Amino acid sequence: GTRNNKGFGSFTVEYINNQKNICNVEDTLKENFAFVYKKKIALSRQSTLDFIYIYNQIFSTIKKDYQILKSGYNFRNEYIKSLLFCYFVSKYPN
RNA sequence: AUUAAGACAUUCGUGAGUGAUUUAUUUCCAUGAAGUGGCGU
């Protein structure tokens with residue numbers, strides 16, 4: 001998709017030739033990627049209602065974390081520095 | 001006046017009749033409508 005790296009492309013295969021697919025996501029991610037990082041998001045009750053609410057939480061969390069990574073967060077009142085910044089100013093501090 | 005004289009190789013006659021420039025052949029192969037957020041710790 002467009003901006004698929006941020007998560008608007010997620011698919012899984014269920015039936016291959018009318019046979020269920022027991023493929024572990026964790027193991028395949030471990031195999032084909034250099035680093036794989038899991039985050040357990042607090043699914044506040046629901047989980048049976050408001051997939052729209054689930055999407056809102058998931059994508060707000062992604063925006064949160066990725067804005068944290070390469071930039072800061074000058075939003076409401078809480079300041080956390082850019083970890084992309086903090087990496088370079090620490091390693092060989094120039 | 002002499003084994004001489006006389007005599008168009010000529011008349012008639014369609015290079016014509018039959019017969020598809022046709023048969024076979026993918027305008028196709030490769031290819032992300034995608035990338036990035038920025039601003040006041």
# chains A, B, ... in the order shown; residues from 1 in each chain; ligands from 1
>>> residues_around(residues="segment 56-71 of chain A", least_positions_apart="6", cutoff="10 Å", atoms="only C-alpha atoms (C1' of nucleotides)", output="MDAnalysis selection string")
(chainID A and resid 6:8 41:44 50 79:86) or (chainID B and resid 37)
>>> interface_residues(of="chain B", to="chain A", cutoff="10 Å", atoms="only C-alpha atoms (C1' of nucleotides)", output="list in words")
residues 32, 33, 34, 35, 36, 37, 39, 40 and 41 of chain B
>>> select_by_dssp(residues="segment 9-38 of chain A", states="helix (DSSP H, G or I)", output="ChimeraX atom specification")
/A:25-32
>>> residues_around(residues="residue 23 of chain A", least_positions_apart="5", cutoff="12 Å", atoms="only C-alpha atoms (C1' of nucleotides)", output="PyMOL selection string")
chain A and resi 12-16+28-29
>>> atom_distance(atom1="atom CA of residue 18 of chain A", atom2="atom CA of residue 30 of chain A")
26.9 Å
>>> atom_distance(atom1="atom CA of residue 20 of chain A", atom2="atom CA of residue 5 of chain A")
27.2 Å
>>> atom_distance(atom1="atom CA of residue 52 of chain A", atom2="atom CA of residue 40 of chain A")
18.5 Å
